[PDB]
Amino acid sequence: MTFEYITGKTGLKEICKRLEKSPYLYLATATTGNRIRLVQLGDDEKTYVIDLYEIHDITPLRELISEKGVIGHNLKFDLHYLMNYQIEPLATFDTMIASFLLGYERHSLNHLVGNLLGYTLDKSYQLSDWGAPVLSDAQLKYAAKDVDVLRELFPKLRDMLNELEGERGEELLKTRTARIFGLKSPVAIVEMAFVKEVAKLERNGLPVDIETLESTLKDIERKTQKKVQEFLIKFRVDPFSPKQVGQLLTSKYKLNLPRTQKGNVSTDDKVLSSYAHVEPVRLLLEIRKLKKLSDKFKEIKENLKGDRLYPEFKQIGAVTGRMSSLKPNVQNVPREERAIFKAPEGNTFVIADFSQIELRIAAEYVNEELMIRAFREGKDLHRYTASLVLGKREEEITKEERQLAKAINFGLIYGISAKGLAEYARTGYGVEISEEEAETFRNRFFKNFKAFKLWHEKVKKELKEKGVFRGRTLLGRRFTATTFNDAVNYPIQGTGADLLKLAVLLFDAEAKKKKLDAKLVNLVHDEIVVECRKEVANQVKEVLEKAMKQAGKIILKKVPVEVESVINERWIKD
């Protein structure tokens, strides 16, 4: 029809020669089980449906794609199938990632066609059998259409992405992803290049020491059994029974607990947090925390394939650009329990983090010149803030007061209330201060760090007027917040997500230049973990650190970015 059906070497070689002239390729696949049945390609004028069941040697196809940027929808899955055929594109532009960055509420190819081309996409053949001996012409046309919609969508999405200007990232305009696709938005350039990193991450997996898992799980269950029976002996109440624990808290301890149910009394974690000072409640919470942990360890064991976990990743798990992982999520494992994650024999981890990066980003974002100058002078910002809010001198600050100032710094940059600060000091740091003390610290904090107070007031003003706050990360990633807490967190966490992804991209390019073999195995918050052979680990660490600082210097122009790293067989920073 409007496409050429390719079933032989000579045809494949012709069209591959014809596609060598294109600036990029539109790409889709039709898969069956492990295999690709069809690869659909297009330039700006022609569409090809390539039947891998009829072609014994796809060397021209492999060679062509390896030198081209490809344009497709949710390319991570195509990348997985293509890697099964030793095929990897030079660069990627993902219309699904584009729709995330542009703020749509649905990101299917059908939603994009409906909104930008003004019609509904046919799905009559979405579930057809791509493993059948004979495909119908209707099936081949259905496969070809995916290329034709991508050709129509691409310039619109590219042009809309190019309106996402950033205050940083001009250095990315020369990169291949930006030049190949005509991309000028720094956040777009990063996320389009990052698609390949998520695909590799999803295939690499995270290795687990099952023996350490099993014996530590024993310890948790052993400790849980001890606390449960202590509770049973203390209260003669089953701590796992909502019946007995439910109104024992109301009958003995006279605690005004709500409904949800119409049999009811509610004793979930949210309500009980307000009564951590009541002995049965504190003991209940301690038991539940031990149970969550052992549940997580059992979930990890149950998701092992050999000695590795293979969670699924969402490249953009929230509007901040942070990824999410499911199947299992290990980001909630406490740091002190991450010893269960251990490279396989002969390998090791390189663990690298951006020091105080959230504070450094906030200081530059808000142009807080007291904190910028402290960071530029190499001061300890927690010790510095401790001196300001406590009225002592910096060298006199104890390490306990420094912990209190940590909570002050990480809390008050988001303008939380005095009550919220006292709450956050307790739960995040084990620090006990009264609401009155928190108010005093809050006043001294904003008296000194005026730019943060001015920023919080600006933000509240805008939210009052328009009900939303529309801002951007330093790379141009947009967000729309409807609460004050989202409006101040989103630009900082989003800039932090931009930085981590950018650091990974720079690491990968520099690792390829040096012919270094290394796998990304975890990326979260401020920390990058890669796995490599022991004999190259020192080189990988140096490459990772220099890529990280390169990323920091692109994002932050006034605040220096510090990086620390260790080499450890286990996911422990010691």
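Numbers for residues come from their place in the sequence shown, where the first is 1.
Can you tell me which stretch has the higher mean Cα B-factor, 483 to 491 or 250 to 258?
According to the entry, 250 to 258 carries the higher average C-alpha B-factor.
Which has the higher mean CA temperature factor in the PDB entry, 294 to 302 or 188 to 196?
For C-alpha atoms only, the mean B-factor is higher in 294 to 302.
Which has the highest CA B-factor per the PDB entry: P239, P133, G496, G476?
Going by the entry's C-alpha B-factors, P239 comes out highest.
Quick one: which of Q403, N110, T177, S99 has the biggest Cα B-factor according to the entry?
Result of the comparison over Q403, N110, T177, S99: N110.
Taking the entry's C-alpha B-factors for this chain, is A91 in the lowest, middle or highest third?
As the PDB entry reports it, the C-alpha B-factor of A91 lands in the lowest third of its chain.
Would you mind checking where the Cα B-factor of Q315 ranks among the modelled residues of its chain, as the lowest, middle or highest third?
Answer is lowest: the recorded C-alpha B-factor places it there.
Which third, lowest, middle or highest, does the C-alpha temperature factor of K464 belong to within its own chain?
Top third by C-alpha B-factor.
Place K558 in the lowest, middle or highest third of its chain's C-alpha B-factors, as listed in the PDB entry.
It belongs to the middle third of the chain when residues are ordered by C-alpha B-factor.
Would you please rank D148 by its C-alpha temperature factor against the other modelled residues of its chain and give the third it falls in: lowest, middle or highest?
According to the entry, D148 has a C-alpha B-factor in the chain's lowest third.
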